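Colleague:
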Amino acid sequence: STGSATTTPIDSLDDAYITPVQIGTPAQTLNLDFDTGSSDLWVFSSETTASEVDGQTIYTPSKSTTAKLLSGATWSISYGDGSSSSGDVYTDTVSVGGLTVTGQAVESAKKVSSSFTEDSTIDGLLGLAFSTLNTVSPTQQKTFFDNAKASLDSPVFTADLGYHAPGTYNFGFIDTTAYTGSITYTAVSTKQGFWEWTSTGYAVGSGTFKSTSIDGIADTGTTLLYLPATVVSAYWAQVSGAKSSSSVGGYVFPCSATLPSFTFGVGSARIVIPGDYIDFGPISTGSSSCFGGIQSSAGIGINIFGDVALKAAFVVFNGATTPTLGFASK
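Numbering of the sequence shown is given in the entry's author numbering, commencing with residue 1 and proceeding in unit increments.
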(Lines of atoms letter the chains of each structure in order from A; the text may use other names.)
(Lines give C-alpha, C1' and ligand atoms only; values in the text may rest on other atoms or scores of the structure.)
Protein backbone atom coordinates (compact mmCIF):
# COMPACT_ATOMS: atom_id res chain seq x y z
CA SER A 1 0.00 0.00 0.00
CA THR A 2 0.86 3.68 -0.22
CA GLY A 3 -0.52 7.03 0.86
CA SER A 4 -0.06 10.59 -0.39
CA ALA A 5 -1.35 13.74 1.32
CA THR A 6 -0.85 17.42 0.75
CA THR A 7 0.58 19.46 3.60
CA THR A 8 -0.23 23.19 3.79
CA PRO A 9 1.44 26.04 5.71
CA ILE A 10 -0.74 27.38 8.53
CA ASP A 11 0.23 31.00 7.86
CA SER A 12 2.27 33.30 5.61
CA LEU A 13 5.52 32.50 7.47
CA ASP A 14 5.38 28.70 7.24
CA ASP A 15 5.28 28.52 11.05
CA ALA A 16 3.97 24.96 10.73
CA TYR A 17 2.25 22.70 8.22
CA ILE A 18 -1.07 20.88 8.51
CA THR A 19 -2.12 17.68 6.78
CA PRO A 20 -5.69 16.33 6.71
CA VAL A 21 -6.17 13.01 8.53
CA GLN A 22 -9.31 10.85 8.59
CA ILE A 23 -10.15 9.38 12.01
CA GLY A 24 -13.01 7.03 12.83
CA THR A 25 -16.13 5.75 11.11
CA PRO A 26 -17.70 7.71 9.53
CA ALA A 27 -14.52 9.71 8.93
CA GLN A 28 -13.80 12.75 11.05
CA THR A 29 -11.19 14.85 9.23
CA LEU A 30 -8.76 16.74 11.45
CA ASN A 31 -5.80 18.83 10.31
CA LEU A 32 -2.73 17.53 12.10
CA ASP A 33 0.84 18.74 12.43
CA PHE A 34 3.06 15.87 11.20
CA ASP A 35 6.01 15.87 13.57
CA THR A 36 9.12 13.78 12.91
CA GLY A 37 10.41 14.97 16.32
CA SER A 38 7.76 13.22 18.45
CA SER A 39 5.86 9.96 18.56
CA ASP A 40 2.31 10.63 19.80
CA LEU A 41 -0.78 11.01 17.62
CA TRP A 42 -2.97 13.27 19.74
CA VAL A 43 -6.05 15.32 18.94
CA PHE A 44 -8.34 17.98 20.25
CA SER A 45 -11.48 16.10 21.21
CA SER A 46 -14.92 16.12 22.83
CA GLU A 47 -12.98 15.47 26.06
CA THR A 48 -10.78 18.58 25.84
CA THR A 49 -11.45 21.14 28.59
CA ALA A 50 -13.89 23.52 26.90
CA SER A 51 -12.03 26.72 27.80
CA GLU A 52 -8.92 25.29 26.08
CA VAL A 53 -10.63 24.83 22.70
CA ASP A 54 -10.79 27.89 20.44
CA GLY A 55 -11.71 27.07 16.85
CA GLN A 56 -10.08 23.65 16.46
CA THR A 57 -11.93 20.74 14.91
CA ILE A 58 -12.45 18.03 17.52
CA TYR A 59 -12.51 14.25 17.40
CA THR A 60 -15.62 12.81 19.06
CA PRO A 61 -14.99 9.12 19.74
CA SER A 62 -18.62 8.48 20.76
CA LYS A 63 -19.61 9.25 17.13
CA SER A 64 -17.17 6.69 15.70
CA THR A 65 -18.43 3.13 15.40
CA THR A 66 -14.82 1.85 15.29
CA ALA A 67 -13.55 3.77 18.36
CA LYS A 68 -12.65 1.75 21.43
CA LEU A 69 -11.38 3.08 24.75
CA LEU A 70 -7.88 1.77 25.44
CA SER A 71 -8.74 1.03 29.02
CA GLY A 72 -6.44 2.50 31.66
CA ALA A 73 -4.14 4.18 29.16
CA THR A 74 -3.06 7.80 29.67
CA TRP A 75 -0.56 10.08 27.98
CA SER A 76 1.27 13.29 28.79
CA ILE A 77 3.79 15.09 26.63
CA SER A 78 5.98 18.15 26.94
CA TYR A 79 7.59 19.62 23.84
CA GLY A 80 10.88 21.46 23.42
CA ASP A 81 9.10 24.80 23.10
CA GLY A 82 7.52 24.38 26.53
CA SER A 83 4.08 23.42 25.24
CA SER A 84 2.24 20.36 26.54
CA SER A 85 -0.89 18.23 26.42
CA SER A 86 -2.31 15.14 28.11
CA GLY A 87 -5.31 12.85 28.23
CA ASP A 88 -6.60 9.34 27.61
CA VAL A 89 -6.52 7.00 24.61
CA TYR A 90 -8.79 5.36 22.07
CA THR A 91 -7.96 3.00 19.27
CA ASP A 92 -9.60 3.79 15.94
CA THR A 93 -9.15 3.66 12.19
CA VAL A 94 -6.84 6.37 10.88
CA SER A 95 -6.21 7.17 7.22
CA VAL A 96 -3.68 9.51 5.64
CA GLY A 97 -3.82 10.22 1.94
CA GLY A 98 -5.55 6.91 1.22
CA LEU A 99 -3.38 4.76 3.53
CA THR A 100 -5.40 3.17 6.34
CA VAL A 101 -4.28 1.82 9.71
CA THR A 102 -6.80 0.00 11.89
CA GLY A 103 -6.30 -0.05 15.65
CA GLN A 104 -4.20 3.13 15.72
CA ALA A 105 -3.79 4.72 19.15
CA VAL A 106 -5.54 8.09 19.00
CA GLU A 107 -4.61 10.09 22.08
CA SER A 108 -7.53 12.27 23.12
CA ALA A 109 -6.55 15.52 24.84
CA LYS A 110 -8.18 16.37 28.13
CA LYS A 111 -5.80 19.30 28.62
CA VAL A 112 -3.66 21.37 26.26
CA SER A 113 -1.35 24.29 27.00
CA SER A 114 -2.06 27.82 25.85
CA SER A 115 0.02 27.74 22.66
CA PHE A 116 -2.13 24.88 21.37
CA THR A 117 -5.40 26.63 22.29
CA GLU A 118 -4.20 29.80 20.61
CA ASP A 119 -3.49 28.05 17.33
CA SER A 120 -6.91 27.44 15.82
CA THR A 121 -5.44 25.87 12.67
CA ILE A 122 -3.80 22.82 14.32
CA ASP A 123 -6.20 20.11 15.49
CA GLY A 124 -3.46 17.89 16.93
CA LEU A 125 -0.13 16.23 16.16
CA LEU A 126 0.83 13.08 14.28
CA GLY A 127 4.20 11.88 15.55
CA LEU A 128 6.65 10.29 13.12
CA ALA A 129 9.75 9.82 15.30
CA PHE A 130 10.52 6.36 16.71
CA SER A 131 7.88 4.64 18.81
CA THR A 132 10.28 4.41 21.76
CA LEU A 133 9.37 8.08 22.46
CA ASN A 134 5.63 7.43 22.64
CA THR A 135 4.26 8.63 26.00
CA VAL A 136 1.28 6.31 26.48
CA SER A 137 1.32 4.53 29.84
CA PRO A 138 1.29 1.78 31.00
CA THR A 139 1.41 0.25 27.50
CA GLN A 140 3.50 2.26 25.03
CA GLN A 141 1.87 2.67 21.60
CA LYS A 142 3.18 2.66 18.04
CA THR A 143 3.21 5.56 15.62
CA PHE A 144 1.06 5.64 12.52
CA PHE A 145 4.16 4.92 10.41
CA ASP A 146 5.26 1.95 12.50
CA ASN A 147 1.77 0.47 12.35
CA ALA A 148 1.59 1.02 8.56
CA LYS A 149 5.14 -0.11 7.79
CA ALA A 150 4.64 -3.80 7.14
CA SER A 151 1.82 -3.05 4.68
CA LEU A 152 3.70 -0.35 2.79
CA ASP A 153 5.27 -1.12 -0.59
CA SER A 154 8.55 0.18 0.89
CA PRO A 155 9.10 1.01 4.59
CA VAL A 156 9.58 4.75 4.02
CA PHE A 157 7.88 8.08 4.15
CA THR A 158 8.95 11.32 2.49
CA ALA A 159 8.60 14.98 3.41
CA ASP A 160 8.45 17.53 0.61
CA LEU A 161 7.62 20.79 2.36
CA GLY A 162 6.92 23.93 0.37
CA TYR A 163 8.29 27.42 0.81
CA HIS A 164 5.21 29.61 1.28
CA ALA A 165 3.30 26.90 -0.63
CA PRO A 166 1.78 23.45 -0.12
CA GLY A 167 3.87 20.30 -0.26
CA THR A 168 3.47 16.55 0.17
CA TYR A 169 3.89 13.69 2.62
CA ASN A 170 4.11 10.30 0.89
CA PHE A 171 4.06 6.91 2.59
CA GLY A 172 5.44 3.74 1.05
CA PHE A 173 7.09 5.07 -2.11
CA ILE A 174 9.62 7.56 -3.38
CA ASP A 175 8.25 9.93 -6.05
CA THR A 176 11.15 10.16 -8.46
CA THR A 177 9.52 13.18 -10.17
CA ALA A 178 9.62 15.25 -6.96
CA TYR A 179 13.36 15.99 -6.81
CA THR A 180 16.32 16.83 -9.00
CA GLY A 181 19.59 14.91 -9.22
CA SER A 182 20.14 12.01 -6.84
CA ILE A 183 19.15 11.32 -3.24
CA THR A 184 22.09 11.16 -0.83
CA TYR A 185 21.50 8.80 2.08
CA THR A 186 23.14 9.22 5.47
CA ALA A 187 23.25 7.16 8.66
CA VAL A 188 20.70 7.58 11.45
CA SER A 189 21.09 6.98 15.17
CA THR A 190 17.86 6.00 16.90
CA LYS A 191 19.44 6.08 20.38
CA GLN A 192 17.48 9.19 21.44
CA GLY A 193 14.34 8.15 19.51
CA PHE A 194 14.84 10.80 16.81
CA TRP A 195 15.84 10.83 13.15
CA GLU A 196 19.32 11.85 14.28
CA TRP A 197 22.10 12.23 11.72
CA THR A 198 25.40 14.06 11.18
CA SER A 199 25.74 16.85 8.65
CA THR A 200 29.19 17.15 7.08
CA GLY A 201 29.40 20.95 7.26
CA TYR A 202 28.12 24.28 6.05
CA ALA A 203 28.68 27.38 3.94
CA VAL A 204 27.32 30.90 4.22
CA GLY A 205 26.26 32.50 0.94
CA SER A 206 28.94 32.11 -1.71
CA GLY A 207 31.58 31.39 0.96
CA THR A 208 33.79 28.36 1.17
CA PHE A 209 32.40 25.17 2.66
CA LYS A 210 33.51 24.39 6.20
CA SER A 211 33.89 20.65 6.77
CA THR A 212 32.70 19.92 10.29
CA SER A 213 30.43 17.30 11.84
CA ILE A 214 27.09 18.63 13.05
CA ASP A 215 24.90 16.09 14.83
CA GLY A 216 21.22 16.96 14.73
CA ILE A 217 17.67 15.79 14.16
CA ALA A 218 15.40 16.03 11.13
CA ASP A 219 12.30 17.57 12.73
CA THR A 220 9.30 18.59 10.65
CA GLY A 221 7.57 19.83 13.81
CA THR A 222 10.16 22.56 14.49
CA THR A 223 9.85 25.74 12.45
CA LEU A 224 13.45 26.96 12.41
CA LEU A 225 17.02 25.73 11.91
CA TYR A 226 18.87 25.49 15.24
CA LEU A 227 22.65 25.06 14.98
CA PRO A 228 25.74 25.58 17.15
CA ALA A 229 26.43 29.15 18.21
CA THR A 230 29.66 29.26 16.19
CA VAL A 231 27.84 28.39 12.95
CA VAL A 232 24.97 30.77 13.63
CA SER A 233 27.31 33.66 14.46
CA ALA A 234 29.20 33.06 11.20
CA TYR A 235 25.91 33.27 9.28
CA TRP A 236 24.56 36.45 10.89
CA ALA A 237 27.92 38.19 10.70
CA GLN A 238 27.26 38.39 6.95
CA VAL A 239 24.08 40.45 7.46
CA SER A 240 24.63 44.15 8.21
CA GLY A 241 22.94 45.13 11.44
CA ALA A 242 22.03 41.61 12.54
CA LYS A 243 22.37 40.89 16.24
CA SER A 244 21.23 38.50 18.92
CA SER A 245 18.51 40.03 21.05
CA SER A 246 17.88 38.54 24.47
CA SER A 247 14.62 40.53 24.72
CA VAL A 248 13.25 39.13 21.46
CA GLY A 249 14.73 35.66 21.98
CA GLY A 250 17.19 35.23 19.14
CA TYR A 251 18.88 36.77 16.15
CA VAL A 252 17.09 39.64 14.48
CA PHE A 253 18.08 41.58 11.40
CA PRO A 254 17.01 44.74 9.57
CA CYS A 255 13.95 44.04 7.45
CA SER A 256 15.72 46.01 4.68
CA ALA A 257 18.41 43.31 4.38
CA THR A 258 18.91 40.78 1.63
CA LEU A 259 19.80 37.52 3.37
CA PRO A 260 22.53 35.17 2.12
CA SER A 261 21.82 31.52 1.48
CA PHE A 262 22.95 28.79 3.87
CA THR A 263 24.30 25.46 2.67
CA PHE A 264 24.46 22.26 4.71
CA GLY A 265 26.29 19.07 3.87
CA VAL A 266 24.79 15.62 3.50
CA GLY A 267 27.75 13.35 2.89
CA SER A 268 29.51 14.80 -0.15
CA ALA A 269 26.25 16.45 -1.30
CA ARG A 270 25.02 19.95 -0.51
CA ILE A 271 21.55 21.36 0.21
CA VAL A 272 21.19 25.10 -0.34
CA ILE A 273 18.65 27.05 1.72
CA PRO A 274 17.86 30.28 -0.17
CA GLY A 275 18.17 33.46 1.87
CA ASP A 276 14.46 34.20 1.60
CA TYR A 277 13.69 30.97 3.51
CA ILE A 278 15.55 32.47 6.50
CA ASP A 279 13.23 35.52 6.76
CA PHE A 280 10.51 35.18 9.43
CA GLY A 281 9.34 38.75 9.09
CA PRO A 282 8.76 41.60 11.53
CA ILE A 283 9.10 40.73 15.20
CA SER A 284 5.79 42.58 15.77
CA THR A 285 3.42 44.16 13.28
CA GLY A 286 4.99 47.19 11.63
CA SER A 287 8.46 46.62 13.07
CA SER A 288 11.56 47.06 10.91
CA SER A 289 13.33 44.36 12.92
CA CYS A 290 12.86 40.92 11.38
CA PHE A 291 13.25 37.52 13.04
CA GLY A 292 15.89 35.13 11.70
CA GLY A 293 15.26 31.58 10.59
CA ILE A 294 18.65 30.28 11.73
CA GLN A 295 19.05 30.38 15.51
CA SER A 296 21.43 29.00 18.12
CA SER A 297 20.82 25.57 19.60
CA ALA A 298 22.83 26.45 22.72
CA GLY A 299 20.58 25.65 25.66
CA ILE A 300 18.43 23.26 23.65
CA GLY A 301 20.91 20.43 23.99
CA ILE A 302 20.50 19.26 20.39
CA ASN A 303 20.80 20.73 16.90
CA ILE A 304 17.53 20.76 14.98
CA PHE A 305 17.13 20.65 11.21
CA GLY A 306 13.60 22.06 11.29
CA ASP A 307 11.36 23.24 8.49
CA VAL A 308 13.72 26.01 7.31
CA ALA A 309 16.25 23.33 6.36
CA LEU A 310 13.89 20.51 5.38
CA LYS A 311 11.77 22.61 3.02
CA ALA A 312 14.88 23.18 0.86
CA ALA A 313 15.04 19.41 0.19
CA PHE A 314 13.13 16.30 -0.71
CA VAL A 315 13.65 14.20 2.44
CA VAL A 316 13.37 10.42 2.72
CA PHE A 317 12.73 8.91 6.15
CA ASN A 318 13.82 5.32 5.54
CA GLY A 319 12.41 3.04 8.21
CA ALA A 320 14.15 -0.13 7.04
CA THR A 321 15.65 -2.39 9.72
CA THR A 322 18.65 -0.05 9.73
CA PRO A 323 17.02 3.36 9.27
CA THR A 324 18.62 6.08 7.15
CA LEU A 325 17.77 9.58 5.94
CA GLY A 326 17.94 10.73 2.33
CA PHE A 327 18.20 14.28 1.02
CA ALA A 328 17.83 15.55 -2.54
CA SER A 329 17.66 19.02 -4.01
CA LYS A 330 14.38 19.94 -5.71
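All C-beta atoms in this analysis are idealised placements derived from N, C-alpha and C, irrespective of residue type, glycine included.
What's the C-alpha gap between residue 251 and residue 283?
Modeller: Working through the sequence shown from its first residue, we reach residue 251 at position 251. Working through the sequence shown from its first residue, we reach residue 283 at position 283. Approximately 11 Å between the Cα atoms of the pair.
Colleague: So which of 269, 307, 298 has the shortest CA-CA distance to residue 279?
Modeller: Position 279 of the sequence shown holds residue 279. Out of 269, 307, 298, 307 has the C-alpha closest to the C-alpha of residue 279.
Colleague: Buried or exposed for residue 149, going by 16 or more other Cβ atoms inside 10 Å?
Modeller: Position 149 of the sequence shown, counted from the first residue, corresponds to residue 149. That one is buried.
Colleague: Figure out for me which residue from 95, 90, 119 has the closest Cα to the Cα of residue 56.
Modeller: Counting from 1 along the sequence shown, the entry for residue 56 is found at position 56. It is 119.
Colleague: Given a cut-off of 8 Å on the beta-carbon distance, is the pair residue 130 and residue 193 in contact?
Modeller: Taking the first residue of the sequence shown as 1, we reach residue 130 at position 130. Taking the first residue of the sequence shown as 1, we reach residue 193 at position 193. Contact: yes.
Colleague: Around the C-beta of residue 143, are 16 or more other C-beta atoms found within 10 angstroms, so that it is buried, or is it exposed?
Modeller: The residue labelled residue 143 in the question sits at position 143 within the sequence shown. So residue 143 ends up on the buried side.
Colleague: To which residues of the same chain is residue 188 closer than 7 Å at the C-beta, ignoring the five residues directly before and after it?
Modeller: Against the sequence shown, residue 188 aligns to sequence position 188. Counting only Cβ-Cβ distances below 7 Å, and skipping sequence neighbours, we find 195, 196, 197, 323, 324, 325.
Colleague: For residue 269, which residues in the same chain have their Cβ closer than 6 Å to its Cβ, ignoring the five residues on either side in sequence?
Modeller: The residue you call residue 269 lines up with position 269 of the sequence shown. 184.
Colleague: Determine the extent of the beta strand (DSSP E) in which residue 196 is found, giving its start and end residues.
Modeller: As a working mapping, residue 196 is identified with position 196 in the sequence shown. Counting along the chain, the beta strand (DSSP E) containing residue 196 begins and ends at 196 to 204.
Colleague: State buried or exposed for residue 320, treating a residue as buried only when at least 16 other CB atoms are found within 10 Å of its CB.
Modeller: What you label residue 320 is simply residue 320 of the sequence shown in a count that begins at 1. Residue 320 comes out exposed.
Colleague: Report the option in 96, 52, 93, 103 whose CA atom is closest to the CA atom of residue 86.
Modeller: Within the sequence shown, residue 86 is the residue found at index 86, counting from 1. Closest option to residue 86, Cα to Cα, is 52.
Colleague: Checking the sheet assignment: what are the DSSP bridge partners for residue 324?
Modeller: The residue you call residue 324 lines up with position 324 of the sequence shown. 187, 318, per the DSSP bridge assignment.
Colleague: Would you report the Cα separation of residue 28 and residue 204, rounded to the nearest angstrom?
Modeller: In the sequence shown, residue 28 corresponds to position 28, counting from 1. In the sequence shown, residue 204 corresponds to position 204, counting from 1. Approximately 45 Å, taken between the alpha carbons.
Colleague: So which of 271, 162, 240 has the shortest CA-CA distance to residue 17?
Modeller: By 1-based counting over the sequence shown, the position of residue 17 is 17. Nearest option by C-alpha distance: 162.
Colleague: Let me check one thing: in DSSP terms, what residues is residue 100 bridge-paired to?
Modeller: For this step, residue 100 is matched to residue 100 along the sequence shown. Looking at the DSSP assignment, residue 100 forms a beta bridge with 95.
Colleague: Let me check understanding here. Comparing Cα to Cα, which of 202, 59, 289 lies closest to residue 331?
Modeller: Given that the chain is displayed from residue 1 to residue 330, the structure contains no residue 331 and the question cannot be resolved.
Colleague: Threshold first: 3 residues or longer. Then list the beta strand (DSSP E) segments lying entirely within the segment 259 to 324, N to C.
Modeller: 262 to 266, 269 to 273, 279 to 282, 289 to 292, 294 to 296, 303 to 305, 314 to 318
Colleague: Measuring alpha carbon to alpha carbon, tell me which residue in 262, 88, 63 is nearest residue 42.
Modeller: On the sequence shown, position 42 is the one that residue 42 refers to. Residue 42 has its Cα closest to that of 88, out of 262, 88, 63.
Colleague: Does DSSP classify residue 147 as helix, strand or coil?
Modeller: Residue mapping note: residue 147 aligns to position 147 of the sequence shown, counting from 1. Three-state result, residue 147: helix.
Colleague: Alpha carbon to alpha carbon, what distance is there between residue 254 and residue 239?
Modeller: For the purposes of this step, residue 239 is taken as the residue at position 239 of the sequence shown. For the purposes of this step, residue 254 is taken as the residue at position 254 of the sequence shown. If I take the Cα positions, the gap works out to 9 Å.
Colleague: For residue 226, list the residues DSSP reports as bridge partners.
Modeller: On the sequence shown, residue 226 is found 226 positions in, with the first residue counted as 1. Residue 226 pairs with 295, 304.
Colleague: Are there 16 or more other CB atoms within 10 angstroms of the CB of residue 237, so buried, or fewer, so exposed?
Modeller: Within the sequence shown, numbered from 1, the residue matching residue 237 stands at position 237. Residue 237 should be labelled exposed.
Colleague: Taking the continuous beta strand (DSSP E) assigned at residue 244, which residues delimit it?
Modeller: Here residue 244 refers to the residue found at position 244 of the sequence shown. Where residue 244 is concerned, the enclosing beta strand (DSSP E) stretches over 243 to 245.
Colleague: Tell me which residue opens and which closes the beta strand (DSSP E) that residue 253 is part of.
Modeller: On the sequence shown, position 253 is the one that residue 253 refers to. Residues 250 to 254.
Colleague: Could you work out which residue in 223, 99, 106, 127 is closest to residue 305 when comparing CA atoms only?
Modeller: Residue numbering aside, residue 305 sits at position 305 when the sequence shown is read from its first letter. If we check each option's Cα against that of residue 305, 223 comes out closest.
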